[PDB]
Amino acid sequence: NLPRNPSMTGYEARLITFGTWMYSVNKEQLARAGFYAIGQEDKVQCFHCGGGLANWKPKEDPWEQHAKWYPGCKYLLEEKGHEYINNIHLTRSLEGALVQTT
């Protein structure tokens, strides 16, 4: 579909929102996972999905967290692919099928 926030489609534009980032999670990794800071502690949001994630803990992978909470994200699906999302959710859904029941 159409990204919830097109002005944050690019990597650089998302990275600039982190600037002074003081949190256990790498801002470089967060931006590559489509996330951008909203200006509230560690709350980030996906430029495409729109899904927001807060309270990030140490050693958490942005892509995994994106896939865990928003497996319906088309950005996640474009970059990572089906097999990926299905492994985060320990299952094996149909082809072109959104992982929604588990």
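In case it trips you up, residue 1 is the first one in the sequence shown, and so on.
Q: Please compare 49 to 57 with 23 to 31 and name the stretch with the higher mean C-alpha B-factor in the deposited structure.
A: According to the PDB entry, the answer is 23 to 31.
Q: On average, which has the higher Cα B-factor in the deposited entry, 65 to 73 or 37 to 45?
A: 37 to 45 has the higher mean C-alpha B-factor.
Q: Please place residue 92 in the lowest, middle or highest third of its chain according to the CA B-factor in the PDB entry.
A: Ranked within chain, residue 92 CA B lands in the highest tercile.
Q: Considering only modelled residues of the same chain, in which third does the CA B-factor of residue 8 rank: lowest, middle or highest?
A: Lowest third.
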